[PDB]
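What follows is a single structure, written as structure tokens, with notes after it.
As a convention, Cβ positions derive from the backbone with ideal geometry for all residues, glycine included, and neighbour counts pool all protein chains shown. Readers should treat all values here as calculations from the given coordinates under stated rules, not as data from a laboratory.
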Amino acid sequence: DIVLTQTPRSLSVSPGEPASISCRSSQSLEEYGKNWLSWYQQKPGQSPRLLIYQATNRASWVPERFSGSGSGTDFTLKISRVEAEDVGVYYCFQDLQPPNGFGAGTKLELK
Amino acid sequence: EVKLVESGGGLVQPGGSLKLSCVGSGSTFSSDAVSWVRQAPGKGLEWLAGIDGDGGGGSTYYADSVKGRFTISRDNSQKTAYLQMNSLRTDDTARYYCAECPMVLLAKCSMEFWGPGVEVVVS
Amino acid sequence: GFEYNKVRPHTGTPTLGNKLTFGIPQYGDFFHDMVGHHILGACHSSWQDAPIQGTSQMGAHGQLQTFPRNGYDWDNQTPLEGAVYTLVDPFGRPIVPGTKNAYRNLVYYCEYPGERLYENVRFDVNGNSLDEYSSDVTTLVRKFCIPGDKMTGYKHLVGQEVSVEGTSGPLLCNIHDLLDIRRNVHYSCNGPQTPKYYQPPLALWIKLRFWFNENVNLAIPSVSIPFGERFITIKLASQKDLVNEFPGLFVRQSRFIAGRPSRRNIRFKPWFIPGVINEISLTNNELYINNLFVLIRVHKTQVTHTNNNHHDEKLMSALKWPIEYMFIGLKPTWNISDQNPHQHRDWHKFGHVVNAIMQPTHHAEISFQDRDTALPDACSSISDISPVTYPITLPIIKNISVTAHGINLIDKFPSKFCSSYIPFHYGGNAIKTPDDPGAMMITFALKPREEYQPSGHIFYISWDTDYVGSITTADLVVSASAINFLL
Amino acid sequence: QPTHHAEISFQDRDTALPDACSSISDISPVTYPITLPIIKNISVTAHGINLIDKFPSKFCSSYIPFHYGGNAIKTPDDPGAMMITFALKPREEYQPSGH
Amino acid sequence: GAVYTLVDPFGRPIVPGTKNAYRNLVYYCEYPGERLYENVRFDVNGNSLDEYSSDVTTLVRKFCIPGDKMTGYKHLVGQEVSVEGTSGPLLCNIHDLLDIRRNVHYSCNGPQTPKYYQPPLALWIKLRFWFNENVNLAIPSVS
Amino acid sequence: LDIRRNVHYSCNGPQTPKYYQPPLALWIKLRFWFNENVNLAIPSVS
């Protein structure tokens, strides 16, 4: 079915510098006028936590540095300034139709 | 506050069956779709199964890797969800989470509420 | 004697929003009354997919629609404990979210869509418009000139629903004096204004009002001018100004409130995303004219727009012919604005219409045991899917004043005084007293309609209001009858 | 059929669906007599002239009472009660203008 | 799950097999004054000057009666007239883009309401002829 | 098989019991022998 490919695997970005995470889908993830990709963040030692839903919206806890990806088949999460609490693993998650799938998983660690 | 508690994983031989309970305290757990998600060690997250809430039906949806091997269920009287693993192999050792979408049907739901999960080791 | 004849439309293929031309032939000497007959086609909304939960989609009139997540309030934030949201039909039937082509919106016509249809009626004789009038003066003469005895048939002519009376069974009542059988009387409507999945083709019979329509003796001769010279131009309403959509989907919330008593509250809120209505096909577009085989009262009208706050006065010099009565109608421009969700209900209403909402709720209190019976063990509070809505028409004018040139004439009279006492006291049997506070009547010269003899004759309309100004404006409509001489 | 509905939950763990429901109808329902027309077209055919020829029922039954008769003729509420005018105005004065 | 019992029309139980257990509720026709006079004829040694029926009476009811004089006419032919009552004060929320309002209900009591015992009903049925329209059209009784 | 809307009636005036009655504007007509017709008005110069 739909396979999500994460082009970046590890970035090693300097603190205070922007970071970019790419996820491409097999076909279009859009249905009923809204995109159906989610972004999940997992900190080391913690359970997964919803970061972005519907590929442009965000959860209530999300600070104002996580961009609302893109549109169509390719999406790119962008962090404006990594604050050393964003070190972890990011996932792009399919929300079109079951069986839903997870991305490759990109590990962000500072340098 | 909506909470989830998983129980539980342990030392299981490569031929067997497990019954994972996920108890929810969120006052709407019976109308909330429940997903079971896998994180293998040295590997990213992997979606396993999903089930709808009450109202509309009780349809279950499955990943193609574990379809037929797995059996998801829910008992809303005790606010519990159940995951049955049958004939699990050696690669099934992983951290298992139950996620509770705050939405009835599990078609395009967002997994908002999670739990600590349980680590199931197969040996 | 007299007979009737038909006039085919000269334009060819009428379409809503486009001008229709009718041509008067030569078949007799006198013709006074005429009716445009149309058969508006069947309409229905397009099939629409059921929304996913947790999604907010942009709705009509700038008002966002939303299908909230469980455990949240309506605005999909500020969480509400126990709230569970599903989708239901307007008659309570469940709708599965995400289903392709799951529901239709319910199309309903305007209230009095026949008067809304003829937006601009003009009588042209190679140009040089003898009479040009609109829907607003037609509503004014509806609220004033129609006797009210002949209303339901008129409500059949313009496609307005008429209430049908039904009765329940026999019921026991106790009679208190200081045991009896009575039946409740209910009322229910069925016409085009009731929202339906499939509106049948609606037959509209629209009367045309000119100076010769009042009496049979005032018919103009058709031999003075040729028949290849008179035309009737009708600019119709748009397809969006006649039929509206009603929500074919409702988000139903069940809220469980724990404790004692344990309450189950079922409430509803419409999900109204604008669909597509198919084009109305006008059918059998005829113009019935009565042919008779063998000084005048002209509706000199002018509708103007006023934007000043809390007080206003206009400038006009067009009216020079002597008059006999003076009918005023003030309508806020939000009544006919497309941003108004109730503009189809309120286009004809002269006044500021607030909405009063009855929410008829079924309540029940159940005790499971006989030891602790002080409070009920459980309670049910179930509301209806759509509430009871009363359009309450409050006045906008606090004082009216028609200031003339050398005389002040009407000066700061109260709105209720004019609108109630003047129709009640003047006009004879013809003038019905309107139910709208903004529908006003003022007298200048003589008694309005009792006889065909003037006993005397002889105009800046101004008001002091408590209504808002540039936020929401107000327009004035007149149906004053001027006395004209033909020579 | 005016029916009272109630939804009662006996317990606070599984509150998705009501535990019990009551649906009580009235003994005698509310009956509306809806009077639908039977005529699609009316025609009073005379000898040498056709006179009324295939007029719609609504046209007669609604427009003719509305426009003719003065204040005397109430407009009927029944579609099958139609009114048709042949000679002159029905009731305004005691003088025939033609027949 | 279907369980069938017998009830009175006002909800009172009736035991099956009971001798003389219930009565049907008699109710008059709507407009029984017009229904009563099925054939009115004015004879002068035969030679019927006017013979008419209930149908033309219903026609002139729906057309010729002004409608302001309904209730009294509905009292003349024994037709029930709806009586208006009001509930208590009720709370409403006024939406403009908090109020006290009373519901208005209607209820009938006349012969057309089914009752166990109909009281004696007085009908005052008018006779329609050519001379009933005006007082000046009355025929002489001396000819 | 059919779609119908219920019609209800409700009042709002002074006869409805309220906690706070607004000020009521009463316009009361006076009835005499000259109020029936405009031609029956008595002269004010006599």
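With the structure loaded, tell me whether A:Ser10 is surrounded by fewer than 17 Cβ atoms within 10 Å (Cβ to Cβ), more than 12 Å from every other protein chain (Cβ to nearest Cβ) and over 30 Å from B:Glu119 (Cβ atoms) or whether it fails that test.
No, not satisfied.
Going by the structure shown, is E:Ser107 surrounded by 13 or more Cβ atoms within 10 Å (Cβ to Cβ), of a type in the set (S, T, N, Q) and touching a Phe, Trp or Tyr at 6+ places or on another chain (Cβ under 7 Å)?
Here the answer is no, as E:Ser107 does not meet what is asked.
Residues checked against (1) in a strand (DSSP E or B); (2) surrounded by 14 or more Cβ atoms within 10 Å (Cβ to Cβ); (3) not polar (S, T, N, Q):
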site	(1), (2), (3)
C:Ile328	yes, yes, yes
C:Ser337	no, yes, no
C:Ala364	yes, yes, yes
C:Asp370	no, no, yes
C:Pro376	no, yes, yes
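Please verify whether C:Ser383 is closer than 30 Å to C:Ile366 by Cβ and not aliphatic (A, V, I, L, M), treating the condition exactly as stated.
Judged against the criteria, C:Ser383 is a match.
If C:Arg449 meets every condition in (1) outside any loop (DSSP other than H, G, I, E, B); (2) in contact with a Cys (Cβ under 9 Å, 6 or more places away or on another chain); (3) more than 30 Å from C:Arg252 (Cβ to Cβ) apart from one, which number is that one?
For C:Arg449, the failing item is (1).
Restricting to the stretch B:23-58, name every residue that is part of a loop (DSSP other than H, G, I, E, B), in contact with a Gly (Cβ under 9 Å, 6 or more places away or on another chain), on the phi < 0 side of the Ramachandran plot and not acidic (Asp, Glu). Steps first, please.
The first filter runs over the stretch B:23-58 and keeps only residues part of a loop (DSSP other than H, G, I, E, B), leaving B:26-28, B:32-33, B:40-44, B:52-58.
Filter once more, so that each one left must be in contact with a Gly (Cβ under 9 Å, 6 or more places away or on another chain): B:26-28, B:32-33, B:43-44, B:52.
Now restrict to residues that are on the phi < 0 side of the Ramachandran plot: B:26, B:28, B:32-33, B:43-44, B:52.
B:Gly26, B:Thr28, B:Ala33, B:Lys43, B:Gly44, listed by residue number.
Here is a list of conditions, (1) facing another protein chain (nearest Cβ under 8 Å); (2) more than 29 Å from C:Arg182 (Cβ to Cβ), and E:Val44 meets all of them except one; can you say which number that is?
(1)
Select from the stretch A:55-98 the residues that are touching a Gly at 6+ places or on another chain (Cβ under 8 Å), assigned to a loop (DSSP other than H, G, I, E, B) and surrounded by 17 or more Cβ atoms within 10 Å (Cβ to Cβ) and list them in ascending order.
A:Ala55, A:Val82, A:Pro98
Can C:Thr361 be described as more than 30 Å from C:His299 (Cβ to Cβ), within 14 Å of chain D (Cβ to nearest Cβ) and polar (S, T, N, Q)?
Judged against the criteria, C:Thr361 is a match.
Inspect all residues belonging to the stretch E:80-94 and state whether any of them is small (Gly, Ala, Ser), farther than 30 Å from C:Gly351 by Cβ and within 8 Å of another protein chain (Cβ to nearest Cβ).
Taking every residue of the stretch E:80-94 in turn, none turns out to be small (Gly, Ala, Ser), farther than 30 Å from C:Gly351 by Cβ and within 8 Å of another protein chain (Cβ to nearest Cβ).
Among the residues that make up the stretch C:48-58, is at least one of them of a type outside the set (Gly, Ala, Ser) and under 22 Å from C:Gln199 (Cβ atoms)?
Within the stretch C:48-58, one or more residues are of a type outside the set (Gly, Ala, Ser) and under 22 Å from C:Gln199 (Cβ atoms).
Go through the stretch A:17-43 and give me each residue that's within 14 Å of A:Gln6 (Cα to Cα), within 14 Å of chain B (Cβ to nearest Cβ) and not aliphatic (A, V, I, L, M).
Within the stretch A:17-43, A:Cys23, A:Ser38, A:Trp39, A:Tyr40 meet the criteria.
Can you name every residue in the stretch C:158-190 that is closer than 30 Å to C:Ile232 by Cα and more than 9 Å from every other protein chain (Cβ to nearest Cβ)?
C:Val158, C:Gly159, C:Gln160, listed by residue number.
Out of all the residues in the stretch C:470-481, is one or more part of a loop (DSSP other than H, G, I, E, B), more than 25 Å from the chain's Cα centre (by Cα) and crowded, with 20+ Cβ neighbours inside 10 Å?
no
Where residues in the stretch C:59-75 are more than 32 Å from the chain's Cα centre (by Cα) and facing another protein chain (nearest Cβ under 10 Å), which of them is farthest from C:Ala203 (Cα to Cα)?
Filtering first and then ranking leaves C:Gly71.
Specify the residue that is farthest from the other protein chains (Cβ to nearest Cβ); the eligible residues are those in the stretch D:21-38 that are under 19 Å from E:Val7 (Cβ atoms) and hydrophobic (A, V, I, L, M, F, W, C).
D:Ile24
Residue check: is C:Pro391 part of a loop (DSSP other than H, G, I, E, B) and within 14 Å of another protein chain (Cβ to nearest Cβ)?
no
Name the one entry in C:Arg252, C:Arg267 that is assigned to a strand (DSSP E or B), under 30 Å from C:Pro68 (Cα atoms) and more than 10 Å from every other protein chain (Cβ to nearest Cβ).
Working: C:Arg252 fails: more than 10 Å from every other protein chain (Cβ to nearest Cβ).
Step by step, each of C:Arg252, C:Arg267 is checked, and only C:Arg267 is assigned to a strand (DSSP E or B), under 30 Å from C:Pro68 (Cα atoms) and more than 10 Å from every other protein chain (Cβ to nearest Cβ).
Mind checking whether some residue in the stretch C:237-245 is in contact with a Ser or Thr (Cβ under 7 Å, 6 or more places away or on another chain) and either not hydroxyl-bearing (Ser, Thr, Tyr) or not in a strand (DSSP E or B) (or both)?
yes
Could you tell me whether any residue of the stretch E:3-22 is under 23 Å from the mean Cα position of the chain (by Cα) and of a type in the set (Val, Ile, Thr)?
no
Among B:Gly53, B:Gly58, B:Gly44, B:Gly68, which is the only one that is away from chain A (no Cβ under 11 Å), of a type outside the set (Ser, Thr, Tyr) and under 22 Å from A:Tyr40 (Cβ atoms)? Don't jump to the end; show me each part of the working.
Values: B:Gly58 fails: under 22 Å from A:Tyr40 (Cβ atoms); B:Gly44 fails: away from chain A (no Cβ under 11 Å); B:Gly68 fails: under 22 Å from A:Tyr40 (Cβ atoms).
Going through B:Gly53, B:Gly58, B:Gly44, B:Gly68 in turn, just one is away from chain A (no Cβ under 11 Å), of a type outside the set (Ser, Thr, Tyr) and under 22 Å from A:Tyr40 (Cβ atoms): B:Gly53.
Looking at (1) away from chain D (no Cβ under 14 Å); (2) surrounded by 21 or more Cβ atoms within 10 Å (Cβ to Cβ), which is the one condition that is false for C:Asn120?
Among (1) away from chain D (no Cβ under 14 Å); (2) surrounded by 21 or more Cβ atoms within 10 Å (Cβ to Cβ), the lone unmet condition for C:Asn120 is (2).
Which of the residues belonging to the stretch C:364-387 are aliphatic (A, V, I, L, M) and either under 30 Å from F:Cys11 (Cβ atoms) or within 14 Å of chain D (Cβ to nearest Cβ) (or both)?
Selection gives C:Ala364, C:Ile366, C:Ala378, C:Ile382, C:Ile385.
Would you list the strands (runs of 3 or more DSSP E) that sit entirely within the stretch C:1-94 and hold 1 or more residues that are buried (at least 19 other Cβ atoms within 10 Å of the Cβ) and out of contact with any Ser or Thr (no Cβ under 7 Å at 6 or more places or on another chain)?
On the way: elements: C:2-5, C:19-23, C:34-40, C:83-88.
Ranges flagged: C:19-23, C:34-40, C:83-88.
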